[PDB]
Structure formats: C-alpha cells, structure tokens
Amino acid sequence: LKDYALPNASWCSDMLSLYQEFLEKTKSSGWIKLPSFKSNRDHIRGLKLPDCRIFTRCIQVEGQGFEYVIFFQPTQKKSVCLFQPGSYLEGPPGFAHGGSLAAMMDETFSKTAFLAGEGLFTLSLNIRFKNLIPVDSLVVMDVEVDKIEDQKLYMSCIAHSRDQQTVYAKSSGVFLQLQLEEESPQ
C-alpha cells in the first residue's frame, strides 16, 4: 500500500537533491526505485519459513525514525540507499546510533541480495566505523554485489556524506541464496 520510500517534509535538502538525481537515473540509466512497505509480509512471493512492521519502518512518524529510499541497478547488481537517521535513532546525543547504521546496511544488503540473486538470510555482517553520523543528515550508502558463489552472495558497502568528505563506515555482508523447492499440489 503506502510506499514510505517517497519524499516527505522531513527530508533534508541534500537527500531531496540526490533523490531527484536518482529518479532521473530511473528514466535513462536502467535504475529502479524500490518501494518500501510497512512490512515484508506478502512482499516476498513464495517464501517458506521454519500489528507487525519491518524493523526499518518501525517508526512511522515522519522524520523521527529511518528515512530512506533504495535505488537498484539490475544490470550492474548495485544499489544506493539514501538514509537520513532521525532523532529516535540516537546513540550519543546528536548522533545516530551505530546500530541504526548496521540495521540500515543489513536492510539494504537484504533487498539488494534478494533482487540480484534471491539471497535473504544474512550469514555475516562485518562493519568498520569511521565517523559518527549527525542526526537528520544524509548518509549515502553504495552497495555492490562482488560475487555469487556456493549459493552465497557477497556484498560490500561504503556509507559516506554526499560530498564524500566524510566516510561513516565500510562494511561487507554475505547472504544465503534461498532454496527453490518443488512441492506437489496440495
């Protein structure tokens, strides 16, 4: 229903500007904007596992939680997440909690892995933090699939300011490819 990965009044100037740039890329460069719904339910067709919200949309009040949008490039198997952490995501006063960046990375890795190769289960997440993120500022997260091997997708991420004069963190993630199962009709 509601796509939360669309602008609202809380988005900072830099986030809006970069969003517009990526929108243009969806017109002439093969990029696609991912929707972001209130949960994953009914949004992963055929998923078999062993009131509710997806974690990165746990806060629905604009500006206070995770504000973000992910763009995906299918041919290149890369994505970019524009992430603006709000004041309910704080660690030390005035800055985003490291765990909020970890969460946003895991979510971006997850969506990217799923679209690139039907990965979903996070096998590993390794993050090296470089600088604190000021609350309400734009974090640009560049994610790429480095390889797909042994039923696993390997990805890397760099999170930085728009002007790239501040790097916030670098990370790697490994995701398991979902198993395809051929069942008889019920």
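We number the residues from 1 along the sequence you see.
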item	value
Chain break class for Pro50 to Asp51, judged by how many deposited residues have no coordinates	10 or more
Between the two ranges 147 to 155 and 59 to 67, the one averaging a larger CA B factor in the entry	147 to 155
Residue range whose averaged C-alpha B-factor is higher in the record, 160 to 168 or 21 to 29	21 to 29
Given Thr108, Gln84, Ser87, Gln76, the residue at which the Cα B factor reaches its maximum	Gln76
Out of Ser39, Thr122, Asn131, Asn126, residue topping the C-alpha B-factor column of the entry	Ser39
Assigned third (lowest, middle, highest) for the C-alpha B factor of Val135	middle
Record-listed C-alpha B factor of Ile54: chain third	lowest
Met141 - which third its CA temperature factor falls in, relative to the rest of the chain	lowest
